[PDB]
Each structure stands twice: as structure tokens, then as C-alpha cells.
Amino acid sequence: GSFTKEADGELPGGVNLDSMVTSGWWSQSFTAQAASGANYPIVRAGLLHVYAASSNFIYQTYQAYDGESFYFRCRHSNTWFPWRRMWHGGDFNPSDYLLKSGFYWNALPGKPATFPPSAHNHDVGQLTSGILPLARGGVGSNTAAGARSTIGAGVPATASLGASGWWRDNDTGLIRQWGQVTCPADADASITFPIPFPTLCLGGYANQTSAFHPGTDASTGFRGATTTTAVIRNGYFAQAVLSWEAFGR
């Protein structure tokens, strides 16, 4: 015969679709009657088409009644290929899946603003704020005075160490000075310090530089100092050169 406008028949329960090898179309009206059968592509009421092209080729299609999908298969040399199941718009939408073209760094959302760094070295120049403390090998200040304070350092003494000169301890302000003066016999001579004492002279002394006669007085005196001058007294009966020292601040 031919394919008719009426279906060839209704599939009852327990139909093995492998046995439907005659051309036509058949309706399965009941999902449960599909469940109780065999080789249904999906447990679902549906429409089956059979095209028995030849003994060696039996083609079948199945349209699920609820649009679950549409299936097809074929029997080639007494072996049924598996049912193919169509993909349709009720399964998935491609727009929901990431294109390879949308897979790159700047497109990836949720990226942290900052990243936990690995082991890196720095140059000192990238220290741009803060003052390194002593506990870290620093000097705990950004001033010279403050640095010394942190590490208990003093300042350099200064001096001019000439034949007549001075020496100054800048930690405390102490100045010490020296010079020579020719004195008249049994008399005074004034000296002028190489530099002035900023505040006052605290003391001095004088010393006979010559091979004075040991049978007579050769005393010395340091007195009447100012910030700039002092009086050296020579107790030797001849004119003589006396050296002196003086200190102050």
C-alpha cells in the first residue's frame, strides 16, 4: 500500500521499536505505554515513522508529543544504530555560553584590584616615606642631630694645631689654647688668645722655656684673663720666653 492520511495504528504497551520494520507511521498515545516498551528513544508519547527502504536499511524517526525532542535512527545489516537526538531551542541557547572570542584577561570579571605578590627585591629608592628606626638598622630621625641622639654619637672636635693654636670640643664647648710670649725681667706681658673665648676664660698657666739660672727665682703667673687676653707674669730676673696654656668656653 501507501502512506495514508490515517495512521497505520496506535502503539500499545510493550512494543519493541526494533520490531516496527514495516513502512508507515504509528502513534504512541501514552507515555506509560512507551515506558513498558523497548528501544524507545525517550520515554514519552510520540509519533513514529518507519521507512523500510530495503531489507538492509530500515529508517525510523520519533517525534515526542511534548516536543522533548525529535529522534532518528537506522537498521543497517541487522544492527540498529543508536538513536540520534536533535538539539533544539528548548535545550539550550548558545548566547548563554562563552565564545572563545570573549575569553581574555580584560573581559574576565571579578578580578581583584590588587594581587598578593611573590618574592621580590626592592631598590632602596622605592622607600619614599617613613624614617627607618634603630630596631631595623636605621637612625630613627631625618636630622643629623636626631641621628646622633638615636645612636649616642658625639660631634667632631675642631682645632688649629699650629705652633700657637687652639682646640675645641664641640660636645661641651670646651676650648683649650696655647702660645708663647716674651716677658721682661720680673714683670708682666699681655697675650692675646689665638681665638676669643666665647664666654669666659676658665684658667691658664705659664711655663719657663729657657735654661734659667737655678740660683734665683723663675716663677710664673697666669692672671687677669678676659675673653681675648690674659696677663703672664715672669718671675725670672732676665727677659724670657714663657709658653702658656689656657682653657674656657
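Position 1 is the first residue in the sequence shown; the rest follow in order.
The deposited model assigns a higher average Cα B-factor to 1-9 than to the other stretch when 1-9 and 240-248 are compared. The mean C-alpha temperature factor is higher for 231-239 when 17-25 and 231-239 are set side by side. In this entry, the residue among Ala163, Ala119, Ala145, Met86 with the greatest C-alpha B factor is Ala119. Residue set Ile175, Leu108, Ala159, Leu132: peak C-alpha B-factor at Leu108 (per PDB entry). Among the modelled residues of the chain, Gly215 sits in the highest third by CA temperature factor in this PDB entry.
When the CA B factors of the chain's modelled residues are split into thirds, the value for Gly204 lands in the lowest one. Among all modelled residues in its chain, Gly224 ranks in the middle third by Cα B-factor.
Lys100: CA B factor in the highest third of modelled residues in this chain (values from the PDB entry). Among the modelled residues of its chain, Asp171 has a C-alpha B-factor that falls in the lowest third, as given in the PDB entry.
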